[PDB]
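S.K.: Next comes coords29.cif, mmCIF, C-alpha atoms:
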data_query
loop_
_atom_site.label_atom_id
_atom_site.label_comp_id
_atom_site.auth_asym_id
_atom_site.auth_seq_id
_atom_site.Cartn_x
_atom_site.Cartn_y
_atom_site.Cartn_z
CA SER A 1743 -22.67 -10.82 12.74
CA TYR A 1744 -22.62 -9.47 9.10
CA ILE A 1745 -24.37 -6.03 9.62
CA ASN A 1746 -22.16 -4.41 12.37
CA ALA A 1747 -22.68 -0.93 14.07
CA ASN A 1748 -20.55 0.95 11.38
CA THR A 1749 -22.71 -0.39 8.42
CA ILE A 1750 -25.97 0.96 10.17
CA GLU A 1751 -24.50 4.54 10.47
CA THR A 1752 -23.00 4.60 6.87
CA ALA A 1753 -26.32 3.14 5.45
CA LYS A 1754 -28.29 5.84 7.47
CA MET A 1755 -25.98 8.79 6.38
CA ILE A 1756 -26.45 7.96 2.60
CA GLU A 1757 -30.24 7.37 3.27
CA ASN A 1758 -30.33 11.09 4.47
CA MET A 1759 -28.99 12.30 1.00
CA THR A 1760 -31.01 10.00 -1.45
CA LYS A 1761 -33.26 12.95 -2.72
CA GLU A 1762 -35.27 13.80 0.51
CA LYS A 1763 -33.03 16.20 2.63
CA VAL A 1764 -31.04 17.38 -0.54
CA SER A 1765 -33.95 19.37 -2.21
CA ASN A 1766 -32.14 22.85 -2.32
CA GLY A 1767 -28.62 22.40 -0.74
CA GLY A 1768 -24.97 21.68 -1.81
CA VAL A 1769 -23.87 18.23 -0.39
CA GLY A 1770 -20.35 17.01 0.69
CA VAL A 1771 -19.27 13.31 1.03
CA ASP A 1772 -15.69 12.79 2.38
CA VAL A 1773 -14.06 9.51 3.62
CA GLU A 1774 -10.55 9.49 5.27
CA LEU A 1775 -8.73 6.15 6.03
CA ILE A 1776 -7.74 5.94 9.80
CA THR A 1777 -4.06 4.94 8.88
CA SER A 1778 -3.37 8.32 7.06
CA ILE A 1779 -3.90 10.25 10.43
CA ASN A 1780 -0.53 10.64 12.34
CA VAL A 1781 -1.48 11.58 16.01
CA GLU A 1782 2.19 11.84 17.35
CA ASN A 1783 2.89 14.48 14.55
CA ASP A 1784 2.05 17.91 16.22
CA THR A 1785 2.38 20.16 13.02
CA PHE A 1786 -0.77 18.57 11.37
CA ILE A 1787 -2.85 18.39 14.68
CA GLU A 1788 -2.15 22.03 15.97
CA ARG A 1789 -2.69 23.84 12.56
CA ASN A 1790 -5.86 21.84 11.39
CA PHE A 1791 -7.57 21.26 14.87
CA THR A 1792 -8.85 23.66 17.65
CA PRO A 1793 -8.07 23.09 21.41
CA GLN A 1794 -11.76 21.83 21.82
CA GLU A 1795 -11.33 18.92 19.23
CA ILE A 1796 -7.81 17.86 20.56
CA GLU A 1797 -9.28 17.79 24.18
CA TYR A 1798 -12.26 15.61 22.91
CA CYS A 1799 -10.46 13.20 20.42
CA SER A 1800 -7.40 12.56 22.79
CA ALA A 1801 -9.85 11.46 25.62
CA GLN A 1802 -11.73 8.86 23.36
CA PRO A 1803 -10.89 5.07 23.32
CA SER A 1804 -9.74 5.09 19.59
CA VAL A 1805 -7.87 8.49 19.36
CA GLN A 1806 -6.80 7.87 15.67
CA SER A 1807 -10.38 6.83 14.60
CA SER A 1808 -11.85 9.98 16.35
CA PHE A 1809 -9.33 12.45 14.67
CA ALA A 1810 -10.21 10.73 11.27
CA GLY A 1811 -13.97 11.14 12.08
CA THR A 1812 -13.51 14.93 12.79
CA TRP A 1813 -11.01 15.44 9.81
CA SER A 1814 -13.69 13.88 7.46
CA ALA A 1815 -16.41 16.34 8.79
CA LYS A 1816 -14.05 19.35 8.01
CA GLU A 1817 -13.57 18.01 4.38
CA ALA A 1818 -17.39 17.28 4.16
CA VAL A 1819 -18.33 20.90 5.27
CA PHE A 1820 -15.56 22.46 2.98
CA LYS A 1821 -17.12 20.66 -0.11
CA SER A 1822 -20.82 21.23 0.99
CA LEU A 1823 -20.32 25.13 0.99
CA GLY A 1824 -19.31 24.86 -2.76
CA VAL A 1825 -16.14 27.06 -2.24
CA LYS A 1826 -12.86 25.89 -3.99
CA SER A 1827 -10.16 27.58 -1.72
CA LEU A 1828 -9.99 29.73 1.56
CA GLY A 1829 -6.72 31.63 0.63
CA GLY A 1830 -3.33 29.81 0.09
CA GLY A 1831 -3.27 26.33 1.80
CA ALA A 1832 -5.86 24.24 3.80
CA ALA A 1833 -6.12 25.59 7.44
CA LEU A 1834 -9.43 23.79 8.44
CA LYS A 1835 -8.99 24.83 12.17
CA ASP A 1836 -11.53 27.63 11.19
CA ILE A 1837 -14.32 24.96 10.53
CA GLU A 1838 -14.89 23.61 14.14
CA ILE A 1839 -16.87 20.34 14.95
CA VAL A 1840 -18.16 20.59 18.63
CA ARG A 1841 -18.84 16.82 19.29
CA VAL A 1842 -20.88 16.61 22.58
CA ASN A 1843 -20.68 13.10 24.31
CA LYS A 1844 -23.99 11.21 23.38
CA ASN A 1845 -25.26 14.13 21.15
CA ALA A 1846 -25.50 14.94 17.35
CA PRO A 1847 -22.28 16.83 16.26
CA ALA A 1848 -22.58 20.66 15.73
CA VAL A 1849 -20.66 22.82 13.12
CA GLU A 1850 -19.69 26.39 14.36
CA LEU A 1851 -17.49 28.09 11.68
CA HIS A 1852 -15.18 31.17 12.30
CA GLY A 1853 -12.54 33.30 10.42
CA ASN A 1854 -12.46 33.49 6.53
CA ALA A 1855 -14.61 30.24 6.22
CA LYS A 1856 -17.57 32.06 8.00
CA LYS A 1857 -17.38 35.02 5.46
CA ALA A 1858 -17.47 32.89 2.17
CA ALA A 1859 -20.37 30.78 3.71
CA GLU A 1860 -22.70 33.78 4.64
CA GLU A 1861 -21.70 35.38 1.19
CA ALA A 1862 -22.72 32.07 -0.64
CA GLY A 1863 -26.15 32.04 1.22
CA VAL A 1864 -25.68 29.49 4.12
CA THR A 1865 -27.74 29.82 7.43
CA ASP A 1866 -27.20 26.27 8.98
CA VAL A 1867 -24.64 23.43 8.15
CA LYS A 1868 -25.56 19.85 9.39
CA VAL A 1869 -22.93 16.99 9.46
CA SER A 1870 -22.96 13.16 10.24
CA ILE A 1871 -19.83 11.05 11.21
CA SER A 1872 -19.34 7.22 11.36
CA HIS A 1873 -15.76 6.04 12.22
CA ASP A 1874 -14.25 2.55 12.94
CA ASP A 1875 -10.82 0.74 12.49
CA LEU A 1876 -10.57 1.43 8.63
CA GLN A 1877 -12.79 4.23 7.03
CA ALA A 1878 -14.22 7.48 8.61
CA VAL A 1879 -17.15 8.71 6.37
CA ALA A 1880 -18.65 12.28 6.75
CA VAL A 1881 -21.84 13.64 5.00
CA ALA A 1882 -22.63 17.45 5.22
CA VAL A 1883 -25.62 19.51 3.83
CA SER A 1884 -25.55 23.39 3.63
CA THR A 1885 -29.03 25.09 3.13
CA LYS A 1886 -29.94 28.89 3.02
CA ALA B 1405 10.01 -13.68 9.49
CA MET B 1406 10.95 -16.54 7.13
CA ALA B 1407 10.60 -20.34 6.98
CA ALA B 1408 11.98 -22.38 4.02
CA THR B 1409 12.83 -25.97 2.92
CA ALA B 1410 15.33 -27.11 0.27
CA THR B 1411 16.53 -30.44 -1.19
CA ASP B 1412 20.16 -30.94 -2.48
CA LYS B 1413 21.61 -32.34 -5.78
CA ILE B 1414 21.91 -35.78 -7.53
CA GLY B 1415 23.33 -38.32 -5.03
CA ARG B 1416 23.27 -42.02 -3.97
CA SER B 1417 23.36 -41.26 -0.11
CA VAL B 1418 19.98 -40.58 1.65
CA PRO B 1419 21.64 -39.64 5.05
CA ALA B 1420 24.23 -37.21 3.42
CA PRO B 1421 23.48 -33.50 4.24
CA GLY B 1422 23.77 -30.87 1.44
CA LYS B 1423 24.06 -27.13 0.76
CA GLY B 1424 20.56 -26.70 -0.81
CA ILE B 1425 19.27 -24.26 1.89
CA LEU B 1426 21.93 -21.71 0.57
CA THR B 1427 19.08 -20.67 -1.81
CA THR B 1428 17.54 -18.57 1.06
CA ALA B 1429 20.45 -16.11 0.40
CA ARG B 1430 20.14 -16.26 -3.42
CA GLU B 1431 20.38 -12.78 -4.90
CA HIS B 1432 21.73 -11.14 -8.10
CA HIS B 1433 24.89 -8.92 -7.86
CA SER B 1434 25.67 -8.17 -11.59
CA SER B 1435 24.24 -4.61 -11.08
CA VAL B 1436 25.24 -3.55 -7.46
CA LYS B 1437 26.69 0.00 -8.13
CA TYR B 1438 23.66 2.04 -6.77
CA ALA B 1439 21.32 1.09 -3.82
CA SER B 1440 17.83 -0.29 -4.80
CA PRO B 1441 15.17 2.12 -3.40
CA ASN B 1442 12.84 -0.94 -2.71
CA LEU B 1443 15.06 -1.56 0.45
CA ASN B 1444 14.64 2.08 1.72
CA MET B 1445 11.56 2.00 4.03
CA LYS B 1446 10.96 5.83 3.61
CA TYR B 1447 10.46 5.27 -0.17
CA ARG B 1448 8.23 2.19 0.42
CA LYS B 1449 6.08 4.24 2.91
CA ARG B 1450 5.76 7.25 0.49
CA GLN B 1451 4.31 4.85 -2.18
CA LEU B 1452 1.74 3.53 0.40
CA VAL B 1453 0.59 7.09 1.46
CA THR B 1454 0.03 7.85 -2.30
CA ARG B 1455 -1.95 4.59 -2.88
CA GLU B 1456 -4.01 5.29 0.36
CA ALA B 1457 -5.17 8.68 -1.10
CA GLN B 1458 -6.25 6.80 -4.33
CA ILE B 1459 -8.33 4.31 -2.17
CA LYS B 1460 -9.94 7.25 -0.20
CA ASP B 1461 -10.95 8.71 -3.67
CA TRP B 1462 -12.10 5.21 -4.82
CA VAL B 1463 -14.52 4.91 -1.77
CA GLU B 1464 -16.12 8.40 -2.45
CA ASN B 1465 -16.88 7.47 -6.13
CA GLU B 1466 -18.55 4.10 -5.10
CA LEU B 1467 -20.68 5.97 -2.40
CA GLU B 1468 -21.69 8.60 -5.06
CA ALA B 1469 -22.66 5.65 -7.38
CA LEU B 1470 -24.45 3.77 -4.48
CA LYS B 1471 -26.61 6.94 -3.86
CA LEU B 1472 -27.52 7.00 -7.67
CA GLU B 1473 -28.60 3.25 -7.47
CA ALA B 1474 -30.63 3.64 -4.15
CA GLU B 1475 -33.05 6.24 -5.78
CA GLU B 1476 -34.43 3.66 -8.39
CA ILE B 1477 -35.16 1.27 -5.40
CA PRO B 1478 -38.58 1.98 -3.72
CA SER B 1479 -37.78 3.97 -0.48
CA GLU B 1480 -39.71 1.33 1.67
CA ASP B 1481 -36.92 -1.38 1.19
CA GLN B 1482 -33.81 0.75 0.18
CA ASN B 1483 -32.55 0.53 3.85
CA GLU B 1484 -31.68 -3.23 3.29
CA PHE B 1485 -29.99 -2.35 -0.10
CA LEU B 1486 -27.73 0.29 1.62
CA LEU B 1487 -26.85 -2.03 4.62
CA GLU B 1488 -25.87 -4.90 2.21
CA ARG B 1489 -23.98 -2.64 -0.26
CA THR B 1490 -22.05 -0.22 2.11
CA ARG B 1491 -20.72 -3.36 3.91
CA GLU B 1492 -19.55 -4.61 0.41
CA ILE B 1493 -17.68 -1.21 -0.12
CA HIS B 1494 -16.20 -1.44 3.45
CA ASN B 1495 -14.69 -4.89 2.48
CA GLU B 1496 -13.40 -3.72 -0.98
CA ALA B 1497 -11.79 -0.63 0.73
CA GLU B 1498 -10.17 -2.95 3.37
CA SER B 1499 -8.86 -5.48 0.76
CA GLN B 1500 -7.25 -2.62 -1.25
CA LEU B 1501 -5.53 -1.06 1.85
CA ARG B 1502 -4.24 -4.59 2.92
CA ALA B 1503 -3.13 -5.41 -0.69
CA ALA B 1504 -1.21 -2.07 -0.79
CA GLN B 1505 0.34 -2.84 2.67
CA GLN B 1506 1.21 -6.38 1.42
CA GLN B 1507 2.94 -4.76 -1.64
CA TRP B 1508 5.10 -2.10 0.12
CA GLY B 1509 5.34 -3.50 3.70
CA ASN B 1510 5.44 -7.33 3.60
CA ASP B 1511 6.06 -8.63 -0.02
CA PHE B 1512 8.17 -5.73 -1.45
CA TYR B 1513 11.01 -8.22 -2.28
CA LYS B 1514 9.19 -11.31 -3.67
CA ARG B 1515 9.69 -10.29 -7.39
CA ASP B 1516 13.10 -8.49 -6.91
CA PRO B 1517 16.04 -10.83 -7.72
CA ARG B 1518 18.49 -8.31 -6.06
CA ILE B 1519 16.94 -9.04 -2.60
CA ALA B 1520 17.55 -12.46 -0.96
CA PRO B 1521 14.58 -14.02 0.87
CA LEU B 1522 16.76 -13.88 4.07
CA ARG B 1523 17.54 -10.15 3.60
CA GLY B 1524 13.95 -9.15 2.69
CA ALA B 1525 12.52 -10.99 5.72
CA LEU B 1526 14.70 -8.87 8.02
CA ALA B 1527 14.28 -5.62 5.97
CA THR B 1528 10.47 -5.72 6.62
CA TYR B 1529 11.27 -4.45 10.22
CA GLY B 1530 14.29 -2.24 9.41
CA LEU B 1531 16.80 -4.95 10.39
CA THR B 1532 20.00 -5.58 8.39
CA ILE B 1533 21.72 -8.96 7.84
CA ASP B 1534 24.16 -7.54 10.56
CA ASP B 1535 21.36 -7.97 13.24
CA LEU B 1536 20.92 -11.81 12.88
CA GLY B 1537 22.49 -12.32 16.31
CA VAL B 1538 22.52 -16.05 16.95
CA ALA B 1539 22.41 -19.16 14.72
CA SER B 1540 20.87 -22.27 16.31
CA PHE B 1541 22.77 -25.13 14.62
CA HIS B 1542 21.16 -28.58 14.11
CA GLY B 1543 24.60 -29.61 15.46
CA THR B 1544 24.09 -33.37 15.79
CA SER B 1545 27.72 -34.15 16.90
CA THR B 1546 28.26 -35.95 13.51
CA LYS B 1547 31.40 -35.38 11.32
CA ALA B 1548 29.47 -34.52 8.10
CA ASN B 1549 26.59 -32.44 9.60
CA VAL C 1453 -9.29 -1.14 -16.13
CA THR C 1454 -9.57 1.84 -13.66
CA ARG C 1455 -6.63 0.56 -11.49
CA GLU C 1456 -4.56 -0.08 -14.73
CA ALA C 1457 -4.91 3.64 -15.71
CA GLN C 1458 -3.68 4.58 -12.13
CA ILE C 1459 -0.56 2.30 -12.63
CA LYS C 1460 0.11 3.85 -16.13
CA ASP C 1461 0.04 7.31 -14.35
CA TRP C 1462 2.24 5.91 -11.52
CA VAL C 1463 4.97 4.79 -14.07
CA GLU C 1464 5.08 8.28 -15.80
CA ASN C 1465 5.63 10.09 -12.42
CA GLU C 1466 8.54 7.66 -11.45
CA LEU C 1467 10.16 8.21 -14.97
CA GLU C 1468 9.77 12.04 -14.52
CA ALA C 1469 11.44 11.65 -11.03
CA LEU C 1470 14.16 9.24 -12.45
CA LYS C 1471 15.08 11.95 -15.07
CA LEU C 1472 15.38 14.58 -12.18
CA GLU C 1473 17.77 12.16 -10.25
CA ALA C 1474 19.93 11.24 -13.36
CA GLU C 1475 21.00 14.95 -13.91
CA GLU C 1476 22.85 15.16 -10.46
CA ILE C 1477 24.79 11.94 -11.51
CA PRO C 1478 27.91 12.72 -13.67
CA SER C 1479 26.86 11.95 -17.34
CA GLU C 1480 29.90 9.51 -17.74
CA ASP C 1481 28.26 6.80 -15.42
CA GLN C 1482 24.48 7.78 -15.50
CA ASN C 1483 23.89 4.98 -18.14
CA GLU C 1484 24.40 2.30 -15.37
CA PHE C 1485 22.08 4.30 -12.98
CA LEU C 1486 19.26 4.33 -15.63
CA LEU C 1487 19.70 0.57 -16.54
CA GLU C 1488 19.54 -0.42 -12.79
CA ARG C 1489 16.64 1.96 -11.93
CA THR C 1490 14.29 1.57 -15.02
CA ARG C 1491 14.46 -2.23 -14.42
CA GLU C 1492 13.37 -1.47 -10.76
CA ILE C 1493 10.35 0.59 -12.14
CA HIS C 1494 9.55 -2.25 -14.66
CA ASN C 1495 9.28 -4.69 -11.65
CA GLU C 1496 7.21 -2.28 -9.45
CA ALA C 1497 4.83 -1.68 -12.46
CA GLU C 1498 4.55 -5.51 -12.96
CA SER C 1499 3.91 -6.25 -9.23
CA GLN C 1500 1.12 -3.60 -9.16
CA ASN D 1695 13.59 -50.42 -21.99
CA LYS D 1696 14.85 -46.80 -21.44
CA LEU D 1697 11.81 -44.58 -20.48
CA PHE D 1698 13.62 -44.12 -17.14
CA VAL D 1699 17.17 -42.73 -17.34
CA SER D 1700 18.95 -41.99 -14.03
CA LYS D 1701 20.97 -38.79 -14.10
CA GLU D 1702 24.60 -39.55 -13.06
CA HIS D 1703 25.63 -35.85 -12.62
CA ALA D 1704 23.69 -32.74 -11.50
CA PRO D 1705 23.26 -29.88 -14.04
CA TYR D 1706 26.07 -28.04 -12.10
CA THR D 1707 29.60 -29.21 -11.16
CA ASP D 1708 30.61 -29.28 -7.42
CA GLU D 1709 32.61 -26.03 -8.24
CA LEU D 1710 29.47 -24.09 -9.47
CA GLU D 1711 27.10 -25.79 -6.88
CA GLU D 1712 27.14 -22.71 -4.49
CA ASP D 1713 27.31 -19.97 -7.25
CA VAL D 1714 24.16 -21.47 -8.91
CA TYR D 1715 22.25 -21.81 -5.57
CA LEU D 1716 22.94 -18.08 -4.93
CA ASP D 1717 21.91 -16.65 -8.38
CA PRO D 1718 18.08 -16.61 -8.83
CA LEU D 1719 18.52 -15.86 -12.58
CA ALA D 1720 21.06 -18.65 -13.37
CA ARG D 1721 19.50 -20.88 -16.09
CA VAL D 1722 20.81 -23.94 -18.03
CA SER D 1723 22.04 -24.05 -21.68
CA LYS D 1724 22.85 -26.92 -24.15
CA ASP D 1725 26.62 -27.75 -23.75
CA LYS D 1726 28.12 -27.73 -27.33
CA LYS D 1727 30.33 -30.87 -26.63
CA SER D 1728 28.29 -33.31 -24.38
CA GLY D 1729 24.87 -32.19 -25.88
CA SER D 1730 23.28 -32.01 -22.35
CA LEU D 1731 21.74 -29.08 -20.34
CA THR D 1732 24.33 -27.72 -17.79
CA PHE D 1733 25.02 -24.44 -15.88
CA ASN D 1734 27.89 -22.56 -17.66
CA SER D 1735 29.95 -20.10 -15.41
CA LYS D 1736 29.25 -17.23 -17.98
CA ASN D 1737 25.45 -17.39 -17.21
CA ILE D 1738 26.08 -17.16 -13.37
CA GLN D 1739 25.90 -13.57 -11.89
CA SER D 1740 25.59 -12.34 -15.55
CA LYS D 1741 24.60 -8.72 -16.54
CA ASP D 1742 22.50 -10.04 -19.57
#
Would you write out, as structure tokens, the structure that this file holds?

M.R.:
Amino acid sequence: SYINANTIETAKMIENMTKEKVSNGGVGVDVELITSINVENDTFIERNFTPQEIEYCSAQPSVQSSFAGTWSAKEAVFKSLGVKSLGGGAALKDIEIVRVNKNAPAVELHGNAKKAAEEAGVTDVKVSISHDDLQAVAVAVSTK
Amino acid sequence: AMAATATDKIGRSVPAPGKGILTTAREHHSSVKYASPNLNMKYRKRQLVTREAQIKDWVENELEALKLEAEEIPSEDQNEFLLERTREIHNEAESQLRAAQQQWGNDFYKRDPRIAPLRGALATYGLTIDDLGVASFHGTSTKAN
Amino acid sequence: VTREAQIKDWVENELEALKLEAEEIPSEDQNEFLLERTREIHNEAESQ
Amino acid sequence: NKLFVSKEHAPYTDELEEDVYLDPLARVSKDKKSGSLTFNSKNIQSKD
């Protein structure tokens, strides 16, 4: 009753960064509230999402909770790298989250975000996402 | 939208109806030159989007601080600390988003004497006083009523 | 105490923005704009 | 034998009845003559 599915995932994602996995790696916690995602708005969704993440999130039961889950992973990766800016504004289309159905989510990063990552000393970038009706939390680690 | 009750004035007639429900339309008009921005829904929504960013920030800083309290706990029984205490930060994040919605969405007019209870009730859905279509009169077939 | 700091900040930014809306008003009848609209920011600061 | 004292009149006249109901900020003041708290028409829909 009290400890629902969302509290198991959020408790497990900040039990994987309590000084065990985070030995030699820059970490990135980002939450985004579901309400602040506007799905009908096509300026925000085209410029900050790939055609692979729009095809996935649109087909889910909770389309607004799934866009807020992905959007949190892109702001968790972007902090975990250490880098402050990727030239002008925030175009986080470049940082792609390939979420396979019943499978741990993968980060494959292209464009100017790939360059400043391999320059900083970053081989692999993990990420975890829990999303529900309110909050969408995202933890990322970036090791050499 | 609204549901009120009023008495009337000093009398000596218990069946005599009065005007006391007029108070659902009580508002101040001394200072009615420029439109109050509390009635504009765009404004009200801008203030909520701002306050939602602040709550997003607030949740990060309590998950940073919950990581720095989980370390001192022996790692055998820190699972049950995190389950208990992420659920507590879920709640406090929900309360604050509701309280902000209550302030800009639902109760924007409760402490503004330039907005009548009747007008505010209808303004919470972008309706004007000019949309109250039909009035269902008590209409008892008495002279006084 | 945290949330009171945020409201303090919030009042500054609505008094900056009320100065940048008073300029476009002719300076003959901008007194009655400021009286009406500082009272509205007093309320919204109290509510919060 | 006067703890209880029926009011004979409301604090408003039947002329101000509606104007008082409609102003949320209308308050009552000592009437110089009668010495009793009434609504004065100056304090109804008043800038102060």

S.K.: List every residue of chain C that has an atom at most 8 Å from any atom of chain B, and for each one report the closest atom pair and its distance in Å to one decimal, counting only C-alpha atoms, with rows sorted by chain and then by increasing residue number, as CSV.

M.R.:
residue,atom,partner,partner_atom,distance
C:1484,CA,B:1437,CA,7.9
C:1485,CA,B:1438,CA,6.8
C:1488,CA,B:1435,CA,6.5
C:1489,CA,B:1440,CA,7.6
C:1492,CA,B:1440,CA,7.5
C:1495,CA,B:1515,CA,7.0
C:1499,CA,B:1515,CA,7.3
C:1500,CA,B:1507,CA,7.8

S.K.: Report the residues retrieved by the PyMOL selection byres ((chain B) within 6 of (chain A)) from the displayed file, expressed as a list in words.

M.R.: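 Those residues are residues 1460, 1471, 1486, 1487 and 1491 of chain B.
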
S.K.: Report the distance between CA of residue 1490 (chain B) and CA of residue 1814 (chain A) in Å, rounded to one decimal place.

M.R.: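 A separation of 17.2 Å between them.
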
S.K.: At a cut-off of 12 Å, list the chain D residues touching chain B, using only C-alpha atoms, as a list in words.

M.R.: residues 1700, 1701, 1702, 1703, 1704, 1705, 1706, 1707, 1708, 1710, 1711, 1712, 1713, 1714, 1715, 1716, 1717, 1718, 1719, 1720, 1736, 1737, 1738, 1739, 1740, 1741 and 1742 of chain D

S.K.: Between CA of residue 1855 (chain A) and CA of residue 1466 (chain B), what distance in Å does the model show, to one decimal?

M.R.: 28.8 Å

S.K.: To one decimal in Å, tell me the separation between CA of residue 1456 (chain B) and CA of residue 1882 (chain A).

M.R.: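 Between these atoms lies a distance of 22.8 Å.
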
S.K.: Could you check which residues have any atom within 9 Å of (-7.7, 23.2, 15.8), counting all atoms listed in the file with coordinates taken straight from the file, and then list them as a PyMOL selection string?

M.R.: chain A and resi 1787-1796+1833-1838

S.K.: Show me, as a PyMOL selection string, the residues that have an atom within 9 Å of residue 1840 (chain A) when counting all atoms listed in the file, minus same-chain residues fewer than 4 positions from it.

M.R.: chain A and resi 1794-1795+1798+1847-1850

S.K.: As lines of an AutoDock Vina configuration file, please: the centre and edge lengths in Å, to one decimal, of an axis-aligned box enclosing every listed atom of region 1835-1838 of chain A with 8 Å added on each side.

M.R.:
center_x = -11.9
center_y = 25.6
center_z = 12.3
size_x = 21.9
size_y = 20.0
size_z = 19.6

S.K.: Written as number ranges by chain, what is the full residue list that the PyMOL selection byres ((chain A and resi 1881) around 6) yields on the file shown?

M.R.: A: 1770-1771, 1818, 1869-1870, 1880, 1882

S.K.: Tell me which residues the PyMOL selection byres ((chain C and resi 1459) around 12) grabs here, as a list in words.

M.R.: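 Residues picked by the PyMOL selection byres ((chain C and resi 1459) around 12): residues 1451, 1454, 1455 and 1458 of chain B; 1453, 1454, 1455, 1456, 1457, 1458, 1460, 1461, 1462, 1463, 1464, 1465, 1466, 1493, 1494, 1496, 1497, 1498, 1499 and 1500 of chain C.
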
S.K.: Which of these, B:1470, B:1527, B:1535, B:1541, has the shortest distance to residue 1482 (chain B) once you count all atoms listed in the file?

M.R.: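 Of B:1470, B:1527, B:1535, B:1541, the one nearest residue 1482 (chain B), counting all atoms listed in the file, is B:1470.
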
S.K.: Save region 1470-1485 of chain B of the structure in the block above to a file, with N, CA and C atoms included, as an mmCIF file, in the first residue's frame.

M.R.:
data_model
loop_
_atom_site.group_PDB
_atom_site.id
_atom_site.type_symbol
_atom_site.label_atom_id
_atom_site.label_comp_id
_atom_site.auth_asym_id
_atom_site.auth_seq_id
_atom_site.Cartn_x
_atom_site.Cartn_y
_atom_site.Cartn_z
ATOM 1 N N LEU B 1470 19.627 13.331 0.849
ATOM 2 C CA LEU B 1470 19.184 11.958 1.246
ATOM 3 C C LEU B 1470 20.283 10.934 0.907
ATOM 4 N N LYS B 1471 21.102 11.208 -0.114
ATOM 5 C CA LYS B 1471 22.312 10.414 -0.469
ATOM 6 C C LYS B 1471 23.366 10.591 0.648
ATOM 7 N N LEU B 1472 23.581 11.830 1.127
ATOM 8 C CA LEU B 1472 24.584 12.195 2.181
ATOM 9 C C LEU B 1472 24.124 11.782 3.594
ATOM 10 N N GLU B 1473 22.908 11.243 3.761
ATOM 11 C CA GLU B 1473 22.402 10.690 5.053
ATOM 12 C C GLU B 1473 22.354 9.153 4.996
ATOM 13 N N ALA B 1474 22.310 8.557 3.790
ATOM 14 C CA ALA B 1474 22.251 7.092 3.542
ATOM 15 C C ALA B 1474 23.622 6.422 3.765
ATOM 16 N N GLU B 1475 24.720 7.170 3.556
ATOM 17 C CA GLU B 1475 26.135 6.716 3.696
ATOM 18 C C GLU B 1475 26.397 6.308 5.163
ATOM 19 N N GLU B 1476 26.022 7.168 6.128
ATOM 20 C CA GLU B 1476 26.233 6.975 7.597
ATOM 21 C C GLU B 1476 25.451 5.748 8.106
ATOM 22 N N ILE B 1477 24.355 5.382 7.428
ATOM 23 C CA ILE B 1477 23.558 4.141 7.691
ATOM 24 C C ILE B 1477 24.366 2.939 7.179
ATOM 25 N N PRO B 1478 24.550 1.859 7.994
ATOM 26 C CA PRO B 1478 25.129 0.600 7.507
ATOM 27 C C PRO B 1478 24.412 0.090 6.243
ATOM 28 N N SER B 1479 25.162 -0.311 5.205
ATOM 29 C CA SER B 1479 24.637 -0.584 3.833
ATOM 30 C C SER B 1479 23.765 -1.859 3.793
ATOM 31 N N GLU B 1480 23.703 -2.628 4.895
ATOM 32 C CA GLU B 1480 22.812 -3.818 5.080
ATOM 33 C C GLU B 1480 21.327 -3.392 5.116
ATOM 34 N N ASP B 1481 20.994 -2.303 5.841
ATOM 35 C CA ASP B 1481 19.610 -1.827 6.152
ATOM 36 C C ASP B 1481 19.432 -0.335 5.782
ATOM 37 N N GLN B 1482 20.090 0.126 4.706
ATOM 38 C CA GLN B 1482 19.922 1.479 4.100
ATOM 39 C C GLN B 1482 18.876 1.420 2.974
ATOM 40 N N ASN B 1483 18.512 0.220 2.491
ATOM 41 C CA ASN B 1483 17.410 0.029 1.507
ATOM 42 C C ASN B 1483 16.099 0.551 2.120
ATOM 43 N N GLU B 1484 15.794 0.153 3.367
ATOM 44 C CA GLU B 1484 14.530 0.476 4.092
ATOM 45 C C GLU B 1484 14.504 1.943 4.553
ATOM 46 N N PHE B 1485 15.665 2.592 4.687
ATOM 47 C CA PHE B 1485 15.803 4.056 4.918
ATOM 48 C C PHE B 1485 15.403 4.825 3.648
#
